[PDB]
Amino acid sequence: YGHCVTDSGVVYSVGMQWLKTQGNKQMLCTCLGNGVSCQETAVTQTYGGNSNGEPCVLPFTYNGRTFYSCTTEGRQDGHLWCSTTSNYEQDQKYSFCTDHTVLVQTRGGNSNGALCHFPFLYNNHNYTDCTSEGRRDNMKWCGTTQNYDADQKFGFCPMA
Ligand SMILES: *[C@@H]1O[C@H](CO)[C@@H](O)[C@H](O)[C@H]1NC(C)=O
C-alpha cells in the first residue's frame with residue numbers, strides 16, 4: 001500500500017526522494033502517491049536574477065566553462081547564481097539559487113538508499129541534521145521524509 005519501487009526492487013514510501021538514472025545521467029526520483037516524481041537533480045529555488053522568478057536551463061556555460069548547476073562564480077553575496085537559458089551567451093538570463101538546496105542520500109536499515117530530506121521532522125521536532133535519536137554509536141541518521149516519526153523511515157548519513 002503506497003510507496004514506490006524503482007531500480008529493480010528499491011521501495012521508497014511516499015514523500016520519499018532518491019537518486020536514480022535515466023540513460024547516461026542520474027535523475028532524482030521521489031515517491032508521491034502513485035507517481036514517482038522523477039526529475040533532474042540540479043537547480044534549486046531560483047529567486048531574482050535575470051530570470052525574474054523563473055527556473056534554470058542547464059547546462060549553462062560562463063566565462064569559458066560549462067556549468068551543469070548553480071555556481072558562485074562572480075557573485076559574492078554568498079548564494080549561488082544559475083543561468084536560465086541553454087545559451088547563456090544568448091539570453092544571458094540567470095537566477096540566484098538558495099544555499100544550493102540540500103539533498104541527503106542515506107542508506108541501510110529501511111531507507112534503502114533514500115534521498116534523506118533535510119530538514120526532517122522528528123516526534124514533532126524540526127530537525128536539520130543526521131540525528132542519532134536512540135543511537136549511542138559512532139554513526140548518525142536522519143529522516144527520509146519531512147515527517148520521520150510520522151513516516152517511520154530513517155537512514156544512515158554519509159561517512160566520507
Ligand atoms: C517544522 O518546520 C516546518 C517549516 O520549516 C513547519 O511548517 C512545521 O510546522 C514544523 N513542525 C513543527 C512540529 O513545529
# chains A, B, ... in the order shown; residues from 1 in each chain; ligands from 1

$ residues_near_ligand --ligand "ligand 1" --cutoff "8 Å" --atoms "only C-alpha atoms and all ligand atoms" --output "PDB file with N, CA, C and O atoms, in the first residue's frame"
ATOM      1  N   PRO A 119      15.449  19.884   6.087  1.00  0.00           N
ATOM      2  CA  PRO A 119      15.365  19.244   7.402  1.00  0.00           C
ATOM      3  C   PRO A 119      14.369  18.089   7.417  1.00  0.00           C
ATOM      4  O   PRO A 119      13.802  17.732   6.385  1.00  0.00           O
ATOM      5  N   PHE A 120      14.160  17.512   8.596  1.00  0.00           N
ATOM      6  CA  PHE A 120      13.229  16.400   8.751  1.00  0.00           C
ATOM      7  C   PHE A 120      12.615  16.400  10.147  1.00  0.00           C
ATOM      8  O   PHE A 120      13.329  16.463  11.148  1.00  0.00           O
ATOM      9  N   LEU A 121      11.289  16.332  10.208  1.00  0.00           N
ATOM     10  CA  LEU A 121      10.585  16.329  11.486  1.00  0.00           C
ATOM     11  C   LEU A 121      10.892  15.066  12.280  1.00  0.00           C
ATOM     12  O   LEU A 121      11.189  14.014  11.713  1.00  0.00           O
ATOM     13  N   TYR A 122      10.798  15.184  13.596  1.00  0.00           N
ATOM     14  CA  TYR A 122      11.043  14.065  14.496  1.00  0.00           C
ATOM     15  C   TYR A 122      10.211  14.222  15.762  1.00  0.00           C
ATOM     16  O   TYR A 122      10.438  15.139  16.552  1.00  0.00           O
ATOM     17  N   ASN A 123       9.243  13.334  15.949  1.00  0.00           N
ATOM     18  CA  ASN A 123       8.380  13.395  17.120  1.00  0.00           C
ATOM     19  C   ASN A 123       7.741  14.776  17.234  1.00  0.00           C
ATOM     20  O   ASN A 123       7.287  15.175  18.306  1.00  0.00           O
ATOM     21  N   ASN A 124       7.720  15.500  16.116  1.00  0.00           N
ATOM     22  CA  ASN A 124       7.147  16.842  16.066  1.00  0.00           C
ATOM     23  C   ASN A 124       8.207  17.895  16.384  1.00  0.00           C
ATOM     24  O   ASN A 124       7.899  18.964  16.910  1.00  0.00           O
ATOM     25  N   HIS A 125       9.457  17.582  16.057  1.00  0.00           N
ATOM     26  CA  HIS A 125      10.566  18.497  16.304  1.00  0.00           C
ATOM     27  C   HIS A 125      11.376  18.719  15.030  1.00  0.00           C
ATOM     28  O   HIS A 125      11.967  17.785  14.488  1.00  0.00           O
ATOM     29  N   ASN A 126      11.396  19.960  14.557  1.00  0.00           N
ATOM     30  CA  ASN A 126      12.132  20.304  13.346  1.00  0.00           C
ATOM     31  C   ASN A 126      13.615  19.978  13.496  1.00  0.00           C
ATOM     32  O   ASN A 126      14.319  20.596  14.294  1.00  0.00           O
ATOM     33  N   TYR A 127      14.083  19.005  12.721  1.00  0.00           N
ATOM     34  CA  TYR A 127      15.481  18.597  12.765  1.00  0.00           C
ATOM     35  C   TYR A 127      16.168  18.873  11.431  1.00  0.00           C
ATOM     36  O   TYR A 127      15.595  18.641  10.367  1.00  0.00           O
TER      37      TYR A 127
END

$ select_by_dssp --residues "range 49-129 of chain A" --states "strand (DSSP E or B)" --output "list in words"
residues 60, 61, 62, 63, 65, 66, 67, 71, 81, 82, 83, 94, 95, 96, 106, 107, 108, 109, 114, 115, 120, 121, 122, 125, 126 and 127 of chain A

$ write_last_selection --atoms "C-alpha atoms" --output "PDB file, in the first residue's frame"
ATOM      1  CA  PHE A  60      24.997  26.763 -18.914  1.00  0.00           C
ATOM      2  CA  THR A  61      28.493  27.936 -19.835  1.00  0.00           C
ATOM      3  CA  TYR A  62      30.029  31.142 -18.474  1.00  0.00           C
ATOM      4  CA  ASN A  63      33.483  32.735 -18.641  1.00  0.00           C
ATOM      5  CA  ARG A  65      33.430  26.942 -18.542  1.00  0.00           C
ATOM      6  CA  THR A  66      30.372  24.691 -18.810  1.00  0.00           C
ATOM      7  CA  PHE A  67      28.486  24.764 -15.508  1.00  0.00           C
ATOM      8  CA  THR A  71      27.704  28.437  -9.078  1.00  0.00           C
ATOM      9  CA  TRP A  81      23.802  32.007  -9.351  1.00  0.00           C
ATOM     10  CA  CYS A  82      22.491  29.996 -12.301  1.00  0.00           C
ATOM     11  CA  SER A  83      21.722  30.740 -15.951  1.00  0.00           C
ATOM     12  CA  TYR A  94      20.082  33.716 -14.804  1.00  0.00           C
ATOM     13  CA  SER A  95      18.849  33.388 -11.221  1.00  0.00           C
ATOM     14  CA  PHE A  96      20.326  33.321  -7.717  1.00  0.00           C
ATOM     15  CA  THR A 106      21.061   7.816   3.390  1.00  0.00           C
ATOM     16  CA  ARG A 107      21.115   4.018   3.259  1.00  0.00           C
ATOM     17  CA  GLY A 108      20.917   0.891   5.394  1.00  0.00           C
ATOM     18  CA  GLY A 109      18.151  -0.016   7.812  1.00  0.00           C
ATOM     19  CA  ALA A 114      16.739   7.095   0.058  1.00  0.00           C
ATOM     20  CA  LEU A 115      17.470  10.767  -0.577  1.00  0.00           C
ATOM     21  CA  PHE A 120      13.229  16.400   8.751  1.00  0.00           C
ATOM     22  CA  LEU A 121      10.585  16.329  11.486  1.00  0.00           C
ATOM     23  CA  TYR A 122      11.043  14.065  14.496  1.00  0.00           C
ATOM     24  CA  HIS A 125      10.566  18.497  16.304  1.00  0.00           C
ATOM     25  CA  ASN A 126      12.132  20.304  13.346  1.00  0.00           C
ATOM     26  CA  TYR A 127      15.481  18.597  12.765  1.00  0.00           C
TER      27      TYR A 127
END

$ residues_around --residues "residue 86 in chain A" --least-positions-apart "3" --cutoff "10 Å" --atoms "only C-alpha atoms" --output "ChimeraX atom specification"
/A:56-61,83,89-93

$ residues_around --residues "residue 15 in chain A" --least-positions-apart "5" --cutoff "12 Å" --atoms "only C-alpha atoms" --output "list in words"
residues 2, 3, 4, 29, 30, 31, 32, 33, 34, 35, 36, 37, 114, 115, 116, 117, 120, 143, 144, 145, 146, 147, 148, 150, 151, 152 and 153 of chain A

$ write_last_selection --atoms "C-alpha atoms" --output "PDB file, in the first residue's frame"
ATOM      1  CA  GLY A   2       1.657   3.179  -1.233  1.00  0.00           C
ATOM      2  CA  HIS A   3       5.405   3.708  -1.527  1.00  0.00           C
ATOM      3  CA  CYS A   4       7.268   3.376  -4.827  1.00  0.00           C
ATOM      4  CA  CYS A  29      13.023  10.309  -8.246  1.00  0.00           C
ATOM      5  CA  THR A  30      10.641  10.626  -5.299  1.00  0.00           C
ATOM      6  CA  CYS A  31       7.581   8.680  -4.177  1.00  0.00           C
ATOM      7  CA  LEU A  32       4.427  10.797  -4.320  1.00  0.00           C
ATOM      8  CA  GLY A  33       1.276   8.710  -4.030  1.00  0.00           C
ATOM      9  CA  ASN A  34       1.115   6.876  -7.350  1.00  0.00           C
ATOM     10  CA  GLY A  35       3.589   8.852  -9.435  1.00  0.00           C
ATOM     11  CA  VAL A  36       7.300   8.853  -8.636  1.00  0.00           C
ATOM     12  CA  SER A  37       8.483  12.446  -9.037  1.00  0.00           C
ATOM     13  CA  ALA A 114      16.739   7.095   0.058  1.00  0.00           C
ATOM     14  CA  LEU A 115      17.470  10.767  -0.577  1.00  0.00           C
ATOM     15  CA  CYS A 116      17.066  11.875   3.041  1.00  0.00           C
ATOM     16  CA  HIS A 117      15.009  15.064   3.253  1.00  0.00           C
ATOM     17  CA  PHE A 120      13.229  16.400   8.751  1.00  0.00           C
ATOM     18  CA  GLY A 143      14.526  11.181   8.167  1.00  0.00           C
ATOM     19  CA  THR A 144      13.738  10.210   4.585  1.00  0.00           C
ATOM     20  CA  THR A 145      10.573  12.297   4.861  1.00  0.00           C
ATOM     21  CA  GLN A 146       9.748  15.739   6.255  1.00  0.00           C
ATOM     22  CA  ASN A 147       7.951  13.743   8.951  1.00  0.00           C
ATOM     23  CA  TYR A 148      10.277  10.940  10.062  1.00  0.00           C
ATOM     24  CA  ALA A 150       5.332  10.264  11.035  1.00  0.00           C
ATOM     25  CA  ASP A 151       6.779   8.299   8.117  1.00  0.00           C
ATOM     26  CA  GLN A 152       8.568   5.622  10.144  1.00  0.00           C
ATOM     27  CA  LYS A 153      11.572   5.601   7.810  1.00  0.00           C
TER      28      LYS A 153
END

$ atom_distance --atom1 "CA of residue 21 in chain A" --atom2 "CA of residue 111 in chain A"
18.0 Å

$ atom_distance --atom1 "CA of residue 102 in chain A" --atom2 "CA of residue 13 in chain A"
19.7 Å
